Amino acid sequence: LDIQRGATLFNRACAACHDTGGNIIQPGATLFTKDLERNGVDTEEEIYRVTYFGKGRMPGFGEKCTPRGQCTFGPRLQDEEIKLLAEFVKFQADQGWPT
Ligand code: HEC
């Protein structure tokens, strides 16, 4: 809901890999609606879950993400931050990642 706060957090925690909604590591697994839909995760609740726990080559960010090697070696994000990020991603995907 707070777009500017979500954008700021996204820019520092996510953008290097998901530049403008993309995926610089894994083609086909972007944050665009088409890929989110194909991968079964075009919802806020699914975006939150994958951000929290990770999946293959993406680290999880949740406080209770486990085991250690599947999660960020940087600081974990709080639930509220991951919720803001999931809402931001869903909103941006719905809008087509405006530039
Ligand atoms: C690189 C080190 C990444 C960072 C930092 C973040 N993500 Fe990521 N993400 C990355 C990869 C390699 C993948 C694909 C994983 C796979 O095996 O499928 C993803 C995937 C996502 C998805 C799902 C996209 C889809 O299925 O099309 C989402 C919703 C997602 N990532 C969100 C996300 C957020 C919110 C991040 C910051 C907190 C973030 N990612 C960081 C690589 C990387």
# chains A, B, ... in the order shown; residues from 1 in each chain; ligands from 1
$ residues_around --residues "region 67-78 of chain A" --least-positions-apart "2" --cutoff "12 Å" --atoms "only C-alpha atoms" --output "CSV table (one decimal) with N, CA, C and O atoms, in the first residue's frame"
chain,number,residue,atom,x,y,z
A,9,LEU,N,12.5,-0.3,-0.2
A,9,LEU,CA,12.9,-1.6,0.3
A,9,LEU,C,13.3,-2.6,-0.8
A,9,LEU,O,14.3,-3.3,-0.8
A,10,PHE,N,12.4,-2.6,-1.8
A,10,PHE,CA,12.6,-3.5,-3.0
A,10,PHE,C,14.0,-3.1,-3.7
A,10,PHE,O,14.7,-4.0,-4.1
A,12,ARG,N,16.7,-1.9,-2.5
A,12,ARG,CA,17.9,-2.4,-1.8
A,12,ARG,C,18.0,-3.9,-1.5
A,12,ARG,O,19.1,-4.4,-1.4
A,13,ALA,N,16.8,-4.6,-1.4
A,13,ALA,CA,16.8,-6.0,-1.0
A,13,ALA,C,16.6,-7.0,-2.2
A,13,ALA,O,16.9,-8.1,-2.1
A,14,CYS,N,16.1,-6.4,-3.3
A,14,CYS,CA,15.7,-7.3,-4.4
A,14,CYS,C,16.1,-6.9,-5.8
A,14,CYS,O,16.3,-7.8,-6.7
A,48,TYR,N,4.8,-13.7,-0.9
A,48,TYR,CA,5.3,-13.7,0.4
A,48,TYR,C,6.0,-15.0,0.8
A,48,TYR,O,7.1,-14.9,1.3
A,50,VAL,N,7.4,-17.4,-1.1
A,50,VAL,CA,8.7,-17.6,-1.8
A,50,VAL,C,9.8,-16.6,-1.3
A,50,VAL,O,11.0,-16.9,-1.2
A,51,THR,N,9.4,-15.3,-1.0
A,51,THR,CA,10.3,-14.4,-0.4
A,51,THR,C,10.8,-14.8,1.0
A,51,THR,O,12.0,-14.7,1.3
A,52,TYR,N,9.9,-15.4,1.7
A,52,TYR,CA,10.2,-15.9,3.1
A,52,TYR,C,11.1,-17.1,3.1
A,52,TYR,O,12.1,-17.1,3.8
A,53,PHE,N,10.8,-18.1,2.3
A,53,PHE,CA,11.5,-19.4,2.4
A,53,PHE,C,12.5,-19.6,1.2
A,53,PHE,O,13.4,-20.4,1.4
A,54,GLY,N,12.4,-18.8,0.2
A,54,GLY,CA,13.3,-19.0,-1.0
A,54,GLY,C,12.9,-20.2,-1.9
A,54,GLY,O,11.9,-20.9,-1.7
A,55,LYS,N,13.7,-20.3,-3.0
A,55,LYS,CA,13.4,-21.4,-3.9
A,55,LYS,C,14.6,-21.5,-5.0
A,55,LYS,O,15.0,-20.5,-5.5
A,56,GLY,N,15.0,-22.7,-5.2
A,56,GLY,CA,16.3,-23.0,-5.8
A,56,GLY,C,17.3,-21.8,-5.5
A,56,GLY,O,17.8,-21.7,-4.4
A,57,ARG,N,17.6,-21.0,-6.5
A,57,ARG,CA,18.7,-20.1,-6.5
A,57,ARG,C,18.4,-18.8,-5.8
A,57,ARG,O,19.3,-17.9,-5.7
A,58,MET,N,17.2,-18.6,-5.4
A,58,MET,CA,16.8,-17.5,-4.6
A,58,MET,C,16.8,-17.7,-3.2
A,58,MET,O,16.1,-18.6,-2.7
A,59,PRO,N,17.5,-16.9,-2.4
A,59,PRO,CA,17.5,-17.1,-1.0
A,59,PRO,C,16.2,-16.7,-0.3
A,59,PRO,O,15.5,-15.8,-0.8
A,60,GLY,N,15.8,-17.3,0.8
A,60,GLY,CA,14.8,-16.9,1.6
A,60,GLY,C,15.2,-15.8,2.6
A,60,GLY,O,16.4,-15.8,3.0
A,61,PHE,N,14.3,-14.9,2.9
A,61,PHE,CA,14.6,-13.7,3.8
A,61,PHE,C,13.9,-13.8,5.1
A,61,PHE,O,14.1,-12.9,6.0
A,62,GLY,N,13.0,-14.7,5.3
A,62,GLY,CA,12.2,-14.8,6.6
A,62,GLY,C,13.0,-15.1,7.8
A,62,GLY,O,14.0,-15.8,7.8
A,63,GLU,N,12.6,-14.6,8.9
A,63,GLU,CA,13.2,-14.8,10.2
A,63,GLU,C,13.4,-16.3,10.5
A,63,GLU,O,14.5,-16.7,11.0
A,64,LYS,N,12.4,-17.0,10.2
A,64,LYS,CA,12.4,-18.5,10.5
A,64,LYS,C,12.7,-19.3,9.2
A,64,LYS,O,12.6,-20.5,9.2
A,65,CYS,N,13.3,-18.7,8.2
A,65,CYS,CA,13.7,-19.4,7.0
A,65,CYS,C,14.8,-20.4,7.5
A,65,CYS,O,15.7,-20.1,8.4
A,80,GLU,N,6.7,-7.9,8.5
A,80,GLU,CA,6.0,-6.7,8.0
A,80,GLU,C,6.7,-6.2,6.7
A,80,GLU,O,6.1,-5.7,5.8
A,81,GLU,N,8.1,-6.3,6.7
A,81,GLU,CA,8.8,-5.9,5.5
A,81,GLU,C,8.5,-6.8,4.3
A,81,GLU,O,8.4,-6.4,3.2
A,82,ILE,N,8.5,-8.1,4.6
A,82,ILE,CA,8.2,-9.1,3.6
A,82,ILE,C,6.7,-8.9,3.0
A,82,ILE,O,6.5,-9.1,1.8
A,83,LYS,N,5.8,-8.6,3.9
A,83,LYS,CA,4.4,-8.3,3.5
A,83,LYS,C,4.4,-7.1,2.6
A,83,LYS,O,3.8,-7.1,1.6
A,84,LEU,N,5.1,-6.0,3.0
A,84,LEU,CA,5.2,-4.8,2.2
A,84,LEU,C,5.8,-5.1,0.8
A,84,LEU,O,5.3,-4.7,-0.2
A,85,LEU,N,6.9,-5.9,0.8
A,85,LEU,CA,7.5,-6.3,-0.5
A,85,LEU,C,6.5,-7.2,-1.4
A,85,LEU,O,6.4,-7.0,-2.6
$ select_by_dssp --residues "region 6-97 of chain A" --states "helix (DSSP H, G or I)" --output "PyMOL selection string"
chain A and resi 6-13+19-21+33-38+44-53+68-70+79-95
$ residues_around --residues "residue 17 (chain A)" --least-positions-apart "5" --cutoff "10 Å" --atoms "only C-alpha atoms" --output "PyMOL selection string"
chain A and resi 11+22-26+30+58
$ write_last_selection --atoms "C-alpha atoms" --output "PDB file, in the first residue's frame"
ATOM      1  CA  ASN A  11      15.464  -1.412  -4.511  1.00  0.00           C
ATOM      2  CA  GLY A  22      13.099  -9.134 -14.321  1.00  0.00           C
ATOM      3  CA  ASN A  23      15.469 -11.868 -13.218  1.00  0.00           C
ATOM      4  CA  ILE A  24      19.150 -11.532 -14.114  1.00  0.00           C
ATOM      5  CA  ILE A  25      19.969 -15.063 -12.891  1.00  0.00           C
ATOM      6  CA  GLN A  26      17.073 -17.183 -14.178  1.00  0.00           C
ATOM      7  CA  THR A  30      10.726 -12.913 -13.473  1.00  0.00           C
ATOM      8  CA  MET A  58      16.790 -17.472  -4.637  1.00  0.00           C
TER       9      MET A  58
END
$ closest_residue --among "A:39, A:49, A:27, A:3" --to "ligand 1" --atoms "only C-alpha atoms and all ligand atoms"
A:39
$ select_by_dssp --residues "chain A" --states "strand (DSSP E or B)" --output "PyMOL selection string"
chain A and resi 54-55+58-60+62+71+77
$ atom_distance --atom1 "CA of residue 19 (chain A)" --atom2 "CA of residue 42 (chain A)"
18.0 Å
$ atom_distance --atom1 "atom 8 (Fe, counted along the ligand's line) of ligand 1" --atom2 "CA of residue 36 (chain A)"
11.2 Å
$ closest_residue --among "A:20, A:33, A:66, A:8" --to "ligand 1" --atoms "only C-alpha atoms and all ligand atoms"
A:33
$ closest_residue --among "A:35, A:46, A:87, A:79" --to "ligand 1" --atoms "only C-alpha atoms and all ligand atoms"
A:35
$ closest_residue --among "A:15, A:1, A:29, A:7" --to "ligand 1" --atoms "only C-alpha atoms and all ligand atoms"
A:29
$ atom_distance --atom1 "atom 35 (C, counted along the ligand's line) of ligand 1" --atom2 "CA of residue 93 (chain A)"
11.6 Å
$ closest_residue --among "A:37, A:47, A:99, A:4" --to "ligand 1" --atoms "only C-alpha atoms and all ligand atoms"
A:47
